[PDB]
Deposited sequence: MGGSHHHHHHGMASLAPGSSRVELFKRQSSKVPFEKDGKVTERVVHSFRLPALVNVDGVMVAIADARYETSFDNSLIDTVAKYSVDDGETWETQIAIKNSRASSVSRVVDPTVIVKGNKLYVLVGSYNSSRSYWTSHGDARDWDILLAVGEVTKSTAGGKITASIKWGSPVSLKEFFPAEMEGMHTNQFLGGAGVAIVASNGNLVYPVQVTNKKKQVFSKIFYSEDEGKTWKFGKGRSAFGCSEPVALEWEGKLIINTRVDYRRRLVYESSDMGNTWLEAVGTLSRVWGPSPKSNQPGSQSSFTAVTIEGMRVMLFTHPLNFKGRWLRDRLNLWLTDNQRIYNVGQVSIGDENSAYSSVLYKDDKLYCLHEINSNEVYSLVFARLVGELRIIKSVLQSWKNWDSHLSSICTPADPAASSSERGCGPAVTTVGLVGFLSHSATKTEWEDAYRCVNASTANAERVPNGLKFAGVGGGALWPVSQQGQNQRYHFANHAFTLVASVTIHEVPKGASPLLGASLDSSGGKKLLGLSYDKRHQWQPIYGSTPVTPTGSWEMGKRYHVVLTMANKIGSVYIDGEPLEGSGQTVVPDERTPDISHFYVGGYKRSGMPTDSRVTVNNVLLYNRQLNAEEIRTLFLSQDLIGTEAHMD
């Protein structure tokens, strides 16, 4: 982790002690491993909840739920056991503690097991399982001229009575919380995203919520796909966003406007973006996923390990920042190549913290980190986002003023800034690589075999921030052709393969001064007319499997065709700009490209016409 940042080993493996209560007797007991961090703020007191695995890190062993709390931002802590297991056997355990804060109360939901030695999803029945809720009340005193906190943990109550034997077809077996930190919805509901099994041993996610302060609970009727576990959720613009774990696959993300009655995959923003390993073929993880306000902008924070080592090692814990449009990698929170899987991020009084695991030889500690550097970076990126959105929106468009340039769904913008080999994203998330490029105001001039710029889509590798483009996009640019080509040459497009030979949608230009719009695999029909040196406005749109190509605000003749067979979903390799950037491709595009914009939707007619009219006003050169 970053410059200026620091940590301590707070929950220390084989060292920290907790008050182990059995049969009315308490003994300070050393704990082998601590896992499943949840870090929250209750009325100014920081509270950290986790598993205390007494003798071993094996999942199916002796576990109580431990809590530490601090009134001085983590400088000093008191320690308690928030929830004890049944003591029925040497493997009795309360597990996957999931926390909600409302007023001065901490709602903690745990699974409770008595004697099984096997993993929960493997169970053929529910005989060893219960689902419990404990409430902790947090009070503060200023006696003695100091702040003293205390937390009184009530007895756990079983919520089993609220679990229906049947759901939309299936028969239910067990459920648990998704671990970490859940929420109170804007309407006051307590909301836990939960992981549920059926008699087929399939796992799936749902919304489990209470409209009466936790006295009664209900299930939404919809669900995730099968295979989605450990769900984590936040509320964004009136809707729940449910971020799920999928072992051996990319993470799936869903939105619901009705407490889980209906679930829609968020294909246009966050779903399938985050991979659980470099090859997305290893176990997933628990993730922190919260909505916060920083310097007045509403955003989301998300953590997940990169897992270069594989299996459940889960090294290299990374933190991400997004506004539901752009997706920025803040960086690695953990240190070196240490194993570091589960985590919890907290933003309190304009300070950022992380409670996370470190794992050596299957012995786990939780470190408590002060993310000083990470918050500095975050605030710089958010400033950049605000500044450019402000710039675009402040432009008085050719009428007094016409309609504003749209920033809604604007994800990336290539304009004046660039280096010898990169065209820089003004929004700072994804740069394009270049070859044979010369800098010019608000863009690049390209020439020669192998020339052009490449804006990676699936090529981003593990984490694919532009996976929305396989469902809808609008890509815009101003282009100027300097030489008549020998035969069709490319200007702009979306490629389905690494070379650019198989295109989803694109535009090329030919020796007869015609345009060559390319609609999927359809045979190309040249059309319209172009002139050398003239600056043209180009827009490619794709939505609902149909692509269109506009020139100067006007649809090329024949635009509006099918570019995706309704069976399949595309896997776009990259966008190419100003050529293919492939030496293996024989084309030589001699062109200047300025002001490339990528939106995560199909722009409408008015929007398209406004961008056309304000071409010469949107560049970044004059304002840095």
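So which bits of the deposited sequence did not make it into the model? Missing from the model are residues 1-14, 414-422, 648.
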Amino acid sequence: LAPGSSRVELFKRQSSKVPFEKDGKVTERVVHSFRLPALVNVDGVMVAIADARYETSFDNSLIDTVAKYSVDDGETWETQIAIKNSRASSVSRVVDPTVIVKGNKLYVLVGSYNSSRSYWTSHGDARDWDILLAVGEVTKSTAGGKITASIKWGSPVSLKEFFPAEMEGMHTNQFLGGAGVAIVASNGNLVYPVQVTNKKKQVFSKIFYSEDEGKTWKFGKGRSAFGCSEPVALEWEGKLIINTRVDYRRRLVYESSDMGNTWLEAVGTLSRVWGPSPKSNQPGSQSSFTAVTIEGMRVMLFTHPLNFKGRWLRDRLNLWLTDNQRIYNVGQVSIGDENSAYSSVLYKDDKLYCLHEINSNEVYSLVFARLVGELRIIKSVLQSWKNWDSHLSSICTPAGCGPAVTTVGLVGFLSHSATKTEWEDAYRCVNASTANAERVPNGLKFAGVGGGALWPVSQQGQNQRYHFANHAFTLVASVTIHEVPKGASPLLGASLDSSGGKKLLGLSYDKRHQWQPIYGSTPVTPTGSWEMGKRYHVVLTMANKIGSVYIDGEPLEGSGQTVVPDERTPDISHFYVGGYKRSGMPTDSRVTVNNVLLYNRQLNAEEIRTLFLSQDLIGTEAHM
From here on, numbers count along this sequence of modelled residues.
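The term rigid core refers to the maximal set of C-alpha atoms that superpose within 1.5 Å between the two forms.
Farther-lying stretch by C-alpha RMS in 5 other deposited structures of this protein, rigid core as reference, of 45-53 and 555-563: Farther from the shown form on average in 5 other deposited structures of this protein: 555-563.
Figure out for me whether 459-467 or 140-148 is the more displaced stretch in 5 other deposited structures of this protein, taking RMS C-alpha distance from the shown form once the rigid core is superposed. Per-stretch check in 5 other deposited structures of this protein: the more divergent one is 140-148.
436-444 versus 95-103: which one carries the higher mean Cα B factor per the record? Looking at the record's C-alpha B-factors, the answer is 436-444.
So, looking at the entry's B-factor column for Cα atoms, which has the higher mean, 264-272 or 137-145? Per the PDB entry, the higher value belongs to 137-145.
Candidate residues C354, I546, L366, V457, the one whose C-alpha B factor the record puts highest: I546 has the highest C-alpha B-factor of those listed.
Just grab whichever of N198, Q325, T419, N329 has the top CA B-factor as deposited. That would be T419, according to the entry.
Using the B-factor values recorded in the entry, state whether the Cα atom of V18 falls in the lowest, middle or highest third among the modelled residues of its chain. For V18, the deposited C-alpha B-factor lands in the lowest third.
Modelled-residue ranking by C-alpha temperature factor, third containing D350: Tercile = middle for this residue's CA B-factor.
Taking only the Cα B-factors deposited for this chain, tell me whether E213 sits in the lowest, middle or highest third. Ranked within chain, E213 CA B lands in the highest tercile.
CA B-factor placement of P555, once the chain's modelled residues are sorted into thirds: Highest third of the chain for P555's C-alpha B-factor.
Rank-wise, by C-alpha B-factor, drop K581 into the lowest, middle or highest third of its chain. Highest third, going by the recorded CA B-factors of the chain.
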